[PDB]
């Protein structure tokens, strides 16, 4: 049961993976960031229902199954309680990957944009991603958007191995 990771610099709303993770809000409504991009292309895969922080929910559409996952908002929560919720959030994703036997999945770095509190959280968010998704079988496309985050991302993924 071993997962794979690769990095992709681009708009996650254009991922070829059948299953895309959304960085969602508690309210389940769009959405700047990746959420706004996914709602722009795949409104079907949104239910617009609340989601508990640190939880996730699978919404299925004709084109894409989106796992809407709620990372902490570091504007609102402490660093410690945020690290819990971020782990929590990713773990919830892995749960859904494992329950549905999803084999290939595209995931953004939760809590690194709108919910970052204006701090670089690449490493932090990546670690929690790799830790939960390591419990999956999935080929994971980690999605970023800055060329520098790409290099840093690629380099960390590679270390592991």
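Numbering follows the first chain given and starts at 1.
Take the C-alpha B-factors listed in the entry for 120-128 and for 104-112, compute each mean, and give the stretch with the larger one.
According to the entry, 120-128 carries the higher average C-alpha B-factor.
Residue 26: which third of its chain by C-alpha temperature factor?
It belongs to the highest third of the chain when residues are ordered by C-alpha B-factor.
In terms of the CA temperature factor given in the entry, to which third of its chain does residue 49 belong: lowest, middle or highest?
Answer is highest: the recorded C-alpha B-factor places it there.
Where does the C-alpha B-factor of residue 142 rank in its chain, lowest, middle or highest third?
For residue 142, the deposited C-alpha B-factor lands in the lowest third.
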